[PDB]
file query_26.pdb (PDB, C-alpha atoms)
ATOM      1  CA  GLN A   1      94.853  96.893 117.699  1.00  0.00           C
ATOM      2  CA  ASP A   2      94.846  96.256 113.936  1.00  0.00           C
ATOM      3  CA  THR A   3      91.896  96.535 111.584  1.00  0.00           C
ATOM      4  CA  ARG A   4      89.889  93.484 110.585  1.00  0.00           C
ATOM      5  CA  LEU A   5      87.714  93.239 107.506  1.00  0.00           C
TER       6      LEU A   5
ATOM      7  CA  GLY B   1     112.273  77.052  80.124  1.00  0.00           C
ATOM      8  CA  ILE B   2     109.095  78.341  81.706  1.00  0.00           C
ATOM      9  CA  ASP B   3     109.480  81.235  84.119  1.00  0.00           C
ATOM     10  CA  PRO B   4     106.949  81.247  87.003  1.00  0.00           C
ATOM     11  CA  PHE B   5     107.063  85.024  87.400  1.00  0.00           C
ATOM     12  CA  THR B   6     107.727  86.213  83.856  1.00  0.00           C
ATOM     13  CA  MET B   7     104.173  87.546  83.914  1.00  0.00           C
ATOM     14  CA  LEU B   8     105.026  90.123  86.530  1.00  0.00           C
ATOM     15  CA  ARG B   9     101.610  91.637  87.205  1.00  0.00           C
ATOM     16  CA  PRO B  10      99.755  92.269  90.517  1.00  0.00           C
ATOM     17  CA  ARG B  11      97.205  89.641  91.526  1.00  0.00           C
ATOM     18  CA  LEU B  12      93.583  90.719  91.864  1.00  0.00           C
ATOM     19  CA  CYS B  13      91.463  89.190  94.604  1.00  0.00           C
ATOM     20  CA  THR B  14      87.719  89.816  94.675  1.00  0.00           C
ATOM     21  CA  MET B  15      85.831  89.106  97.892  1.00  0.00           C
ATOM     22  CA  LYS B  16      82.499  90.062  99.453  1.00  0.00           C
ATOM     23  CA  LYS B  17      81.239  90.420 103.040  1.00  0.00           C
ATOM     24  CA  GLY B  18      80.814  87.014 104.617  1.00  0.00           C
ATOM     25  CA  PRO B  19      81.106  86.951 108.442  1.00  0.00           C
ATOM     26  CA  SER B  20      82.277  90.302 109.827  1.00  0.00           C
ATOM     27  CA  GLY B  21      83.817  91.466 106.596  1.00  0.00           C
ATOM     28  CA  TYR B  22      85.870  90.022 103.773  1.00  0.00           C
ATOM     29  CA  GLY B  23      88.023  87.755 105.885  1.00  0.00           C
ATOM     30  CA  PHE B  24      91.374  89.522 106.074  1.00  0.00           C
ATOM     31  CA  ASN B  25      93.269  91.291 108.837  1.00  0.00           C
ATOM     32  CA  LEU B  26      94.973  94.633 108.203  1.00  0.00           C
ATOM     33  CA  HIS B  27      97.864  95.568 110.464  1.00  0.00           C
ATOM     34  CA  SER B  28      98.951  99.116 111.200  1.00  0.00           C
ATOM     35  CA  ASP B  29     102.226 100.181 112.799  1.00  0.00           C
ATOM     36  CA  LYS B  30     104.211 103.174 113.946  1.00  0.00           C
ATOM     37  CA  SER B  31     106.878 102.043 111.527  1.00  0.00           C
ATOM     38  CA  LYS B  32     104.817 100.634 108.679  1.00  0.00           C
ATOM     39  CA  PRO B  33     102.326 103.476 108.022  1.00  0.00           C
ATOM     40  CA  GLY B  34     100.856 101.690 105.023  1.00  0.00           C
ATOM     41  CA  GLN B  35      98.432  98.796 105.225  1.00  0.00           C
ATOM     42  CA  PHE B  36      99.373  95.176 104.696  1.00  0.00           C
ATOM     43  CA  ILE B  37      97.560  91.866 105.083  1.00  0.00           C
ATOM     44  CA  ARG B  38      98.493  90.431 108.465  1.00  0.00           C
ATOM     45  CA  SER B  39      96.350  87.323 108.367  1.00  0.00           C
ATOM     46  CA  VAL B  40      93.765  85.557 106.255  1.00  0.00           C
ATOM     47  CA  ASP B  41      91.309  83.055 107.682  1.00  0.00           C
ATOM     48  CA  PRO B  42      90.795  79.681 105.911  1.00  0.00           C
ATOM     49  CA  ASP B  43      87.023  80.109 105.825  1.00  0.00           C
ATOM     50  CA  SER B  44      87.009  83.519 104.166  1.00  0.00           C
ATOM     51  CA  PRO B  45      86.204  84.920 100.709  1.00  0.00           C
ATOM     52  CA  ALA B  46      89.619  86.605 100.926  1.00  0.00           C
ATOM     53  CA  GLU B  47      91.422  83.269 101.205  1.00  0.00           C
ATOM     54  CA  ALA B  48      89.187  81.766  98.516  1.00  0.00           C
ATOM     55  CA  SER B  49      89.982  84.558  96.045  1.00  0.00           C
ATOM     56  CA  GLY B  50      93.697  83.931  96.481  1.00  0.00           C
ATOM     57  CA  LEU B  51      94.720  86.477  99.092  1.00  0.00           C
ATOM     58  CA  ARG B  52      97.547  85.637 101.484  1.00  0.00           C
ATOM     59  CA  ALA B  53      99.279  87.051 104.525  1.00  0.00           C
ATOM     60  CA  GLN B  54     102.201  89.483 104.277  1.00  0.00           C
ATOM     61  CA  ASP B  55     100.809  90.703 100.954  1.00  0.00           C
ATOM     62  CA  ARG B  56     100.844  94.477 100.498  1.00  0.00           C
ATOM     63  CA  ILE B  57      98.071  96.561  98.993  1.00  0.00           C
ATOM     64  CA  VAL B  58      98.794  98.899  96.074  1.00  0.00           C
ATOM     65  CA  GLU B  59      95.147  99.427  95.146  1.00  0.00           C
ATOM     66  CA  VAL B  60      91.979  98.426  96.886  1.00  0.00           C
ATOM     67  CA  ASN B  61      88.499  98.511  95.374  1.00  0.00           C
ATOM     68  CA  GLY B  62      89.537 100.724  92.477  1.00  0.00           C
ATOM     69  CA  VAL B  63      91.293 103.296  94.637  1.00  0.00           C
ATOM     70  CA  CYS B  64      95.011 103.926  94.382  1.00  0.00           C
ATOM     71  CA  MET B  65      97.092 103.646  97.549  1.00  0.00           C
ATOM     72  CA  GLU B  66      99.510 106.385  96.525  1.00  0.00           C
ATOM     73  CA  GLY B  67     100.736 107.462  99.945  1.00  0.00           C
ATOM     74  CA  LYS B  68      97.265 106.889 101.341  1.00  0.00           C
ATOM     75  CA  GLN B  69      96.634 106.761 105.081  1.00  0.00           C
ATOM     76  CA  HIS B  70      94.689 104.356 107.297  1.00  0.00           C
ATOM     77  CA  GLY B  71      91.452 106.249 106.730  1.00  0.00           C
ATOM     78  CA  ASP B  72      92.033 106.248 102.978  1.00  0.00           C
ATOM     79  CA  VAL B  73      92.469 102.490 102.641  1.00  0.00           C
ATOM     80  CA  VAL B  74      89.359 101.879 104.751  1.00  0.00           C
ATOM     81  CA  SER B  75      87.442 104.448 102.702  1.00  0.00           C
ATOM     82  CA  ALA B  76      88.360 102.582  99.510  1.00  0.00           C
ATOM     83  CA  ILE B  77      87.139  99.253 100.885  1.00  0.00           C
ATOM     84  CA  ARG B  78      84.016 100.584 102.605  1.00  0.00           C
ATOM     85  CA  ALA B  79      83.038 102.522  99.471  1.00  0.00           C
ATOM     86  CA  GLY B  80      82.803  99.183  97.687  1.00  0.00           C
ATOM     87  CA  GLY B  81      79.676  98.493  99.662  1.00  0.00           C
ATOM     88  CA  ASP B  82      79.672  94.799 100.488  1.00  0.00           C
ATOM     89  CA  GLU B  83      82.415  93.647  98.211  1.00  0.00           C
ATOM     90  CA  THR B  84      85.997  94.658  97.537  1.00  0.00           C
ATOM     91  CA  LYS B  85      88.884  94.087  95.144  1.00  0.00           C
ATOM     92  CA  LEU B  86      92.373  93.664  96.569  1.00  0.00           C
ATOM     93  CA  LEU B  87      95.540  94.317  94.598  1.00  0.00           C
ATOM     94  CA  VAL B  88      98.628  92.862  96.202  1.00  0.00           C
ATOM     95  CA  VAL B  89     102.232  92.640  95.040  1.00  0.00           C
ATOM     96  CA  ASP B  90     105.312  90.733  96.144  1.00  0.00           C
ATOM     97  CA  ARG B  91     108.710  92.499  96.259  1.00  0.00           C
ATOM     98  CA  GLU B  92     109.530  91.154  92.783  1.00  0.00           C
ATOM     99  CA  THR B  93     106.454  92.807  91.293  1.00  0.00           C
ATOM    100  CA  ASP B  94     106.658  95.958  93.410  1.00  0.00           C
ATOM    101  CA  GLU B  95     110.149  96.921  92.246  1.00  0.00           C
ATOM    102  CA  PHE B  96     109.279  96.481  88.567  1.00  0.00           C
ATOM    103  CA  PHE B  97     106.488  99.052  88.557  1.00  0.00           C
ATOM    104  CA  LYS B  98     108.624 101.493  90.544  1.00  0.00           C
ATOM    105  CA  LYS B  99     111.506 101.256  88.093  1.00  0.00           C
ATOM    106  CA  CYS B 100     109.019 101.792  85.259  1.00  0.00           C
ATOM    107  CA  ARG B 101     107.662 104.877  87.029  1.00  0.00           C
ATOM    108  CA  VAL B 102     104.134 103.494  87.402  1.00  0.00           C
ATOM    109  CA  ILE B 103     101.651 102.505  90.078  1.00  0.00           C
ATOM    110  CA  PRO B 104     100.638  98.805  89.782  1.00  0.00           C
ATOM    111  CA  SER B 105      97.030  99.685  88.977  1.00  0.00           C
ATOM    112  CA  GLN B 106      94.487  97.079  87.806  1.00  0.00           C
ATOM    113  CA  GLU B 107      94.760  98.476  84.282  1.00  0.00           C
ATOM    114  CA  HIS B 108      98.252  96.984  84.014  1.00  0.00           C
ATOM    115  CA  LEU B 109      97.304  93.446  85.012  1.00  0.00           C
ATOM    116  CA  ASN B 110      94.415  93.364  82.560  1.00  0.00           C
ATOM    117  CA  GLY B 111      95.803  95.493  79.752  1.00  0.00           C
ATOM    118  CA  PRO B 112      99.188  97.100  78.991  1.00  0.00           C
ATOM    119  CA  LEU B 113     102.491  96.887  80.833  1.00  0.00           C
ATOM    120  CA  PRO B 114     105.184  99.644  80.903  1.00  0.00           C
ATOM    121  CA  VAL B 115     108.626  99.389  79.310  1.00  0.00           C
ATOM    122  CA  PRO B 116     112.267  99.728  80.463  1.00  0.00           C
ATOM    123  CA  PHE B 117     114.355 102.728  79.433  1.00  0.00           C
ATOM    124  CA  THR B 118     111.375 104.749  80.604  1.00  0.00           C
ATOM    125  CA  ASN B 119     112.874 107.965  79.234  1.00  0.00           C
ATOM    126  CA  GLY B 120     110.698 107.477  76.187  1.00  0.00           C
ATOM    127  CA  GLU B 121     107.573 107.433  78.308  1.00  0.00           C
ATOM    128  CA  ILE B 122     107.113 111.067  79.251  1.00  0.00           C
ATOM    129  CA  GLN B 123     106.425 110.955  82.972  1.00  0.00           C
ATOM    130  CA  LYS B 124     104.701 114.168  84.006  1.00  0.00           C
ATOM    131  CA  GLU B 125     107.106 115.319  86.696  1.00  0.00           C
ATOM    132  CA  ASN B 126     107.456 119.083  87.001  1.00  0.00           C
ATOM    133  CA  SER B 127     108.703 121.416  89.744  1.00  0.00           C
ATOM    134  CA  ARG B 128     110.730 120.243  92.728  1.00  0.00           C
TER     135      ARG B 128
END
call {"tool": "encode", "arguments": {"input": "query_26.pdb", "output": "structure tokens"}}
result
Amino acid sequence: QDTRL
Amino acid sequence: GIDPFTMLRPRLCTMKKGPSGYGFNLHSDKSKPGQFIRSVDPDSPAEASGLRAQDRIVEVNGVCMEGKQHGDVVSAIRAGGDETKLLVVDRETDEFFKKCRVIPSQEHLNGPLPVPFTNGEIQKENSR
């Protein structure tokens, strides 16, 4: 899932 | 001798949108509700500015992560437009600010640091 930036 | 961490202040990384962002991966868990850097990619402004993996965010882009949620941390970063500032601390640094009753805000790394025996510093705690 996570969140990438 | 010289002490490698006698200057116990949070490191400030400044990165701007390169590929699909700033080049770091935030992980979220149903155990760790706060955000932490899971991974950094070699060819990223994040890596170049001195960000690493397993670093935890106390402030991002001028916003304080004082019990902030997933939406809050994203809001802080997104509000920076196309560039962001990441404040990360290792356990050594984290504990120091806690024991001094302060959030490791950018103001501390650039300017003044708190003192032990923090009974002299009148922390504004009232009510239960």
call {"tool": "residues_near_point", "arguments": {"input": "query_26.pdb", "point": "(104.0, 96.7, 78.1)", "cutoff": "12 Å", "atoms": "only C-alpha atoms", "output": "ChimeraX atom specification"}}
result
/B:7-9,96-97,100,102,107-116,118,121
call {"tool": "closest_residue", "arguments": {"input": "query_26.pdb", "among": "B:74, B:2, B:53, B:63", "to": "chain A", "atoms": "all atoms listed in the file"}}
result
B:74
call {"tool": "residues_around", "arguments": {"input": "query_26.pdb", "residues": "residue 51 in chain B", "least_positions_apart": "5", "cutoff": "8 Å", "atoms": "all atoms listed in the file", "output": "number ranges by chain"}}
result
B: 13, 40, 46, 86
call {"tool": "resolve_selection", "arguments": {"input": "query_26.pdb", "expression": "the PyMOL selection byres ((chain B) within 8 of (chain A))", "output": "tab-separated table (two decimals) with C-alpha atoms, in the frame of the given file"}}
result
chain	number	residue	atom	x	y	z
B	20	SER	CA	82.28	90.30	109.83
B	21	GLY	CA	83.82	91.47	106.60
B	22	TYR	CA	85.87	90.02	103.77
B	23	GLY	CA	88.02	87.76	105.88
B	24	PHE	CA	91.37	89.52	106.07
B	25	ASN	CA	93.27	91.29	108.84
B	26	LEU	CA	94.97	94.63	108.20
B	27	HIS	CA	97.86	95.57	110.46
B	28	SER	CA	98.95	99.12	111.20
call {"tool": "resolve_selection", "arguments": {"input": "query_26.pdb", "expression": "the PyMOL selection byres ((chain B and resi 50) around 9)", "output": "VMD selection string"}}
result
chain B and resid 11 to 14 45 to 49 51 to 52
call {"tool": "resolve_selection", "arguments": {"input": "query_26.pdb", "expression": "the PyMOL selection byres ((chain B and resi 94) around 12)", "output": "PyMOL selection string"}}
result
chain B and resi 8-11+55-58+87-93+95-105
call {"tool": "atom_distance", "arguments": {"input": "query_26.pdb", "atom1": "CA of residue 17 in chain B", "atom2": "CA of residue 41 in chain B"}}
result
13.3 Å
call {"tool": "atom_distance", "arguments": {"input": "query_26.pdb", "atom1": "CA of residue 42 in chain B", "atom2": "CA of residue 71 in chain B"}}
result
26.6 Å
call {"tool": "atom_distance", "arguments": {"input": "query_26.pdb", "atom1": "CA of residue 106 in chain B", "atom2": "CA of residue 81 in chain B"}}
result
19.0 Å
call {"tool": "residues_around", "arguments": {"input": "query_26.pdb", "residues": "residue 85 in chain B", "least_positions_apart": "3", "cutoff": "9 Å", "atoms": "only C-alpha atoms", "output": "list in words"}}
result
residues 12, 13, 14, 15, 16, 59, 60, 61, 62, 77 and 80 of chain B
call {"tool": "write_last_selection", "arguments": {"input": "query_26.pdb", "atoms": "C-alpha atoms", "output": "short mmCIF file (atom, residue, chain, number, x, y, z; two decimals), keeping the file's coordinate frame"}}
result
data_model
loop_
_atom_site.label_atom_id
_atom_site.label_comp_id
_atom_site.auth_asym_id
_atom_site.auth_seq_id
_atom_site.Cartn_x
_atom_site.Cartn_y
_atom_site.Cartn_z
CA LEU B 12 93.58 90.72 91.86
CA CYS B 13 91.46 89.19 94.60
CA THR B 14 87.72 89.82 94.68
CA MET B 15 85.83 89.11 97.89
CA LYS B 16 82.50 90.06 99.45
CA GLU B 59 95.15 99.43 95.15
CA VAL B 60 91.98 98.43 96.89
CA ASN B 61 88.50 98.51 95.37
CA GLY B 62 89.54 100.72 92.48
CA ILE B 77 87.14 99.25 100.88
CA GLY B 80 82.80 99.18 97.69
#
call {"tool": "decode", "arguments": {"input": "query_26.pdb", "residues": "range 3-119 of chain B", "atoms": "C-alpha atoms", "output": "tab-separated table (two decimals), in the first residue's frame"}}
result
chain	number	residue	atom	x	y	z
B	3	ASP	CA	31.81	13.43	19.87
B	4	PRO	CA	29.99	12.60	16.59
B	5	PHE	CA	26.55	13.32	18.05
B	6	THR	CA	27.27	16.05	20.58
B	7	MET	CA	25.41	18.37	18.23
B	8	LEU	CA	22.14	16.60	18.84
B	9	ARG	CA	19.86	18.42	16.41
B	10	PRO	CA	17.44	17.07	13.75
B	11	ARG	CA	18.76	16.95	10.19
B	12	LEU	CA	16.98	19.02	7.56
B	13	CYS	CA	16.64	17.63	4.05
B	14	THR	CA	15.35	19.85	1.25
B	15	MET	CA	14.12	18.20	-1.94
B	16	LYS	CA	11.94	19.12	-4.91
B	17	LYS	CA	9.74	17.14	-7.32
B	18	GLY	CA	11.89	15.16	-9.72
B	19	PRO	CA	10.24	12.01	-11.15
B	20	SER	CA	6.92	11.24	-9.44
B	21	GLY	CA	7.69	13.23	-6.34
B	22	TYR	CA	10.64	13.86	-4.06
B	23	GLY	CA	12.04	10.37	-4.15
B	24	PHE	CA	11.07	8.86	-0.81
B	25	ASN	CA	8.63	6.16	0.25
B	26	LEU	CA	6.34	6.67	3.26
B	27	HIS	CA	5.05	3.56	5.00
B	28	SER	CA	1.84	3.41	7.00
B	29	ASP	CA	0.81	0.64	9.39
B	30	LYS	CA	-1.93	-0.50	11.71
B	31	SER	CA	0.67	-0.43	14.44
B	32	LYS	CA	2.81	2.53	13.43
B	33	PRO	CA	0.17	5.25	12.85
B	34	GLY	CA	2.81	7.89	12.23
B	35	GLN	CA	4.76	8.25	9.01
B	36	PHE	CA	8.33	7.09	8.53
B	37	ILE	CA	10.67	6.85	5.56
B	38	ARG	CA	10.54	3.28	4.28
B	39	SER	CA	12.87	3.66	1.33
B	40	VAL	CA	14.88	6.24	-0.56
B	41	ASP	CA	15.92	5.78	-4.17
B	42	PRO	CA	19.57	6.47	-5.20
B	43	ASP	CA	18.51	8.76	-8.03
B	44	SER	CA	16.31	11.05	-5.95
B	45	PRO	CA	16.53	14.59	-4.54
B	46	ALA	CA	15.62	13.00	-1.20
B	47	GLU	CA	18.74	10.81	-1.21
B	48	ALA	CA	20.85	13.72	-2.47
B	49	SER	CA	19.71	16.00	0.36
B	50	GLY	CA	20.77	13.41	2.92
B	51	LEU	CA	17.56	11.54	3.65
B	52	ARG	CA	17.73	7.86	4.57
B	53	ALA	CA	15.44	4.93	5.23
B	54	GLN	CA	14.00	4.20	8.69
B	55	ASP	CA	14.20	7.91	9.48
B	56	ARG	CA	11.14	9.33	11.24
B	57	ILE	CA	9.50	12.65	10.49
B	58	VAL	CA	8.95	15.19	13.28
B	59	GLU	CA	8.22	18.11	10.94
B	60	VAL	CA	7.68	18.23	7.24
B	61	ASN	CA	7.63	21.38	5.11
B	62	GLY	CA	7.24	23.69	8.09
B	63	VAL	CA	4.36	21.77	9.62
B	64	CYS	CA	4.64	20.07	12.99
B	65	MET	CA	3.83	16.37	13.19
B	66	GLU	CA	2.38	16.60	16.70
B	67	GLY	CA	0.11	13.57	16.65
B	68	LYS	CA	-0.69	14.26	13.02
B	69	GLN	CA	-2.42	11.67	10.85
B	70	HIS	CA	-1.73	10.33	7.36
B	71	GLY	CA	-3.73	13.13	5.76
B	72	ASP	CA	-1.89	15.72	7.84
B	73	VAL	CA	1.61	14.66	6.81
B	74	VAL	CA	0.57	14.58	3.15
B	75	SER	CA	-1.08	17.98	3.52
B	76	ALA	CA	2.18	19.41	4.87
B	77	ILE	CA	4.20	18.07	1.95
B	78	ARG	CA	1.66	18.86	-0.77
B	79	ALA	CA	1.23	22.40	0.57
B	80	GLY	CA	4.90	22.95	-0.21
B	81	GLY	CA	3.99	22.97	-3.86
B	82	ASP	CA	6.81	21.26	-5.71
B	83	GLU	CA	9.38	21.17	-2.99
B	84	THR	CA	9.50	19.98	0.60
B	85	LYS	CA	11.65	20.06	3.73
B	86	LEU	CA	12.03	16.89	5.76
B	87	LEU	CA	12.98	16.84	9.42
B	88	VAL	CA	14.09	13.45	10.64
B	89	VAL	CA	15.51	12.27	13.96
B	90	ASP	CA	17.25	9.14	15.19
B	91	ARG	CA	16.31	7.67	18.60
B	92	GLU	CA	19.23	9.52	20.21
B	93	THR	CA	17.90	12.88	19.04
B	94	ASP	CA	14.23	12.02	19.57
B	95	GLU	CA	14.60	11.26	23.28
B	96	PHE	CA	16.50	14.48	23.98
B	97	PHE	CA	13.74	16.79	22.77
B	98	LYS	CA	11.12	14.75	24.63
B	99	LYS	CA	13.00	14.98	27.92
B	100	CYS	CA	13.37	18.73	27.34
B	101	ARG	CA	9.62	19.00	26.74
B	102	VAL	CA	9.97	20.28	23.17
B	103	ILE	CA	9.12	19.30	19.62
B	104	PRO	CA	12.27	19.03	17.43
B	105	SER	CA	11.19	21.92	15.22
B	106	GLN	CA	13.50	23.50	12.61
B	107	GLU	CA	13.96	26.50	14.91
B	108	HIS	CA	16.04	24.32	17.24
B	109	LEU	CA	18.47	23.06	14.61
B	110	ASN	CA	19.12	26.55	13.30
B	111	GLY	CA	18.83	28.58	16.49
B	112	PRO	CA	18.43	27.74	20.20
B	113	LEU	CA	18.40	24.40	21.99
B	114	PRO	CA	16.50	23.64	25.25
B	115	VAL	CA	18.11	22.88	28.60
B	116	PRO	CA	17.98	20.05	31.19
B	117	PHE	CA	16.25	20.55	34.53
B	118	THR	CA	13.39	21.89	32.44
B	119	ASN	CA	11.52	23.04	35.54
